[PDB]
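# Analysis of the macromolecular model
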Amino acid sequence: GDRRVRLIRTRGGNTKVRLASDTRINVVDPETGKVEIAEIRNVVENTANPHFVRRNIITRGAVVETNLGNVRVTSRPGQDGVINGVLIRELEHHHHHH
C-alpha cells in the first residue's frame, strides 16, 4: 500500500575533519574498557525513524547511536572539541536489527 521510503544513505569513508560533517565521539566501554573514537550515526533518542531528520543537537544524558552501538553523552560537544561518553545497552536486546 503506502510506499514508505526510509533512505538511509551509507555515508562513511575516511574523511578526516572536525565534528561537523563527521560527528566523532570517544566511546568508553564501562564494563570492558574499550576506549575508541566512533562516529555518531544517528541521534535517535526520541527522533525515531529517519523522517527528513539530521538533528545534531547532542546534549549530556542523551542516547546517541555510534559504530559501537548506543552511548550516553557524558560530556558537552565542544569540551575536548570532540564528544565523549560511555557505551550503553538501551537499544538492540533481542533484535539486533533496525
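The deposited coordinates for this entry were obtained by solution NMR.

Next up on the list: the overall build of the protein. The helix and strand tally for the protein stands at zero helices and five strands. Each helix and strand of the protein, placed in order from N terminus to C terminus, yields the pattern β-β-β-β-β. The C-alpha atoms of the protein give 14 Å as radius of gyration, which agrees with the globular expectation for 98 residues (13 Å, within 12%). With the C-alpha coordinates of the protein rotated into their principal frame, the extents come out at 45 × 35 × 25 Å. Residues classed as buried in the protein amount to 26% of the 98 residues present.

Evaluation of the coordinates by the stated rule reveals seven salt bridges. In this structure, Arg11 and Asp22 form a salt bridge, with 2.9 Å as the shortest nitrogen-oxygen distance. Note that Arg11 is positioned in the segment before β1 (24–28) and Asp22 in the segment before β1, a separation of 11 residues in sequence. Taking the relative accessible area as the measure of exposure, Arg11 reaches 48% and is therefore partly exposed. Note on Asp22: relative accessible area 9%, which makes it buried. For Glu39, the salt bridge identified is with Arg24, shortest N-O distance 3.1 Å. With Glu39 in strand β2 (residues 35–39) and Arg24 in strand β1, this residue pair connects regions lying 15 residues apart in the sequence. Take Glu39: its relative accessible area is 17%, and that puts it in the buried class. Among the charged side chains, a salt-bridge network with shared partners connects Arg11, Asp22, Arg24, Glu39 and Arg41.

Further remarks concern the pairing of strand β3 (residues 63–66). Alternating positions in β3 separate into two faces, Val63 and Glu65 on one and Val64 and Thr66 on the other, with burial throughout. The pairing of β3 with strand β4 (residues 69–73) spans four bridges and is antiparallel. Each bridged residue has a counterpart across the sheet, and for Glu65 the counterpart in β4 is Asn70.

Turning to the environment of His98, a few remarks are in order. In this fold, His98 is placed in the segment after β5 (83–87). Expressed as a C-alpha distance, the spacing of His98 and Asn49, which sit 49 residues apart in the sequence, is 9.2 Å. Once residues lying within four places of it in the same chain are set aside, the contact partners of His98 are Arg6, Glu65 and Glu92. Engagement of the side chain of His98 in a polar contact is seen with the side chain of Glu92, the distance being 3.0 Å.

With that out of the way, let us pick up the environment of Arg6. By secondary structure assignment, the location of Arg6 is in the segment before β1. Judged by relative accessible area, which is 47%, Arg6 ranks as partly exposed. Between the C-alpha atom of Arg6 and that of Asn49, which follows or precedes it by 43 residues, the distance is 7.8 Å.

Reading the values: the criteria
- Residues numbered from 1 in each chain as written, not as in the entry; some residues may be left out.
- Heavy atoms only, no water.
- Helix = DSSP H or I, 4+ residues; strand = E, 2+ residues; numbered from the N terminus.
- Rg over C-alpha atoms; globule rule 2.2 N^0.38 Å.
- Buried < 20%, exposed > 50% of the residue type's maximum accessible area, 1.4 Å probe, protein only.
- Salt bridge = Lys/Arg side-chain N within 4 Å of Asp/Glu carboxyl O.
- Pairing = 2+ DSSP bridges.
- Contact = heavy atoms within 4.5 Å.
- Polar contact = N/O pair within 3.5 Å; in protein donor to acceptor, adjacent residues only side chain to side chain.

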